[PDB]
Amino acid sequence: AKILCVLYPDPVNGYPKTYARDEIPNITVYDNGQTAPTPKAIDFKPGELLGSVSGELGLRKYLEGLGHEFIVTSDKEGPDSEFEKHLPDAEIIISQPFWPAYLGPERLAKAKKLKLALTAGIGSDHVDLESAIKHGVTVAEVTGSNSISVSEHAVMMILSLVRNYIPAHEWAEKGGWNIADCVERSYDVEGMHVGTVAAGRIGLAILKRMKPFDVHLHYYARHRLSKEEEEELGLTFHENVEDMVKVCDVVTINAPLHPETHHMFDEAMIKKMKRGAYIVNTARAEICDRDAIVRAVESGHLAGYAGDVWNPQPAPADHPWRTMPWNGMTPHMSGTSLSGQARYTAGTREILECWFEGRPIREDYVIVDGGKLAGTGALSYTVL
């Protein structure tokens, strides 16, 4: 069978021969009791660069050993791309959110042999789930694999926005000093009201990490956490997201992208926020209206926006989030820290072994199966 795998390019000076450190931590379980991935074997050392073209998600020995054809490419745009060459007869397509091989209706119609679309990472919205359902394609992702990774990046971005880190760093790098320029919009986060959209793995991890900063914690969700978790973290629950955003100094977005969340943060929603509110969005770009965010930043309604997620991906060079005032953007990196990579790459392998051996994929990993949302997909996504 053919496995078609789309990965991001190698570093500009080539695939690395050495790394900055010799080992990374061994993470075997997550906060909710879920085990980290359990492949029967791996063909990489945790800490290696796996998600680039030469890293191959450590899969080639395994797949070629079973006698399958394994195509690895970064070339994913348009009808002349290496991706579209192989789409018609791939049984399995793999890509990562950071460099996503989009599977819209037309591409899914063309993928005559496709049975499994695997997200190497978390968040399968680059696949049209309605069409995958129509064509009987199984959609799976490595649930939980990099949620902590993102939570760290999100807290980092909250503190950087609020404290005015990036402008101050630019003053230092350029040879300046300029204390008053550094601090004329530098604040402490202590005592601010901080709220999350969703309290799933990432949202909860962020709440826990923010707690000792002595902020006031809020969340919006469709269903509440246990009262014990609310009481331990001191959470205020809001039934309506509108009510939460009205009172928060900082809003962090941590929901999946599906019809309920698409453009949730549109012009009208942003207008309900406090003058000088911050948004951090490490979830998906299109939870926000792109140009509404720009207008609110430029007007000073929002004091700053930071996140690692964009639309489309890769983002064009002229994407307006790159240069909007006070932005703390990165490219889509948080879930593909080398640490995060180790876990989603192990889980990719775990899922494939299940698939080829005819064993059930973990329910946690399933988004679509047997012509419906299933497992995590039924809990956390919707279709119209």
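The numbering used is simple: start at 1 and walk along the sequence shown.
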Quiz prompt | Residue stretch of maximal mean CA temperature factor, 256 to 264 vs 240 to 248 | solution = 240 to 248
Quiz item: When the C-alpha temperature factors are averaged for each of 314 to 322 and 37 to 45, which stretch ends up with the higher value in the entry?
Solution: 37 to 45
Exercise. Sort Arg275, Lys76, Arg209, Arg201 by C-alpha B-factor from the entry and give me just the highest.
Key: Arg275
Quiz item: Quick one: which of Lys271, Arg290, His218, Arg163 has the biggest Cα B-factor according to the entry?
Solution: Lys271
Exercise. Compare the C-alpha B factor of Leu7 with those of the other modelled residues in its chain, then answer lowest, middle or highest third.
Key: lowest
Quiz item: Going by what the PDB entry lists, where does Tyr62 fall on CA B-factor within its chain: lowest, middle or highest third?
Solution: highest
Quiz prompt | Modelled-residue ranking by C-alpha temperature factor, third containing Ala346 | solution = middle
Quiz item: Among the modelled residues of its chain, does the C-alpha B-factor of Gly358 lie in the lowest, middle or highest third?
Solution: highest
Quiz item: Comparing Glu106 with the other modelled residues of its chain, is its CA B-factor in the lowest, middle or highest third?
Solution: middle
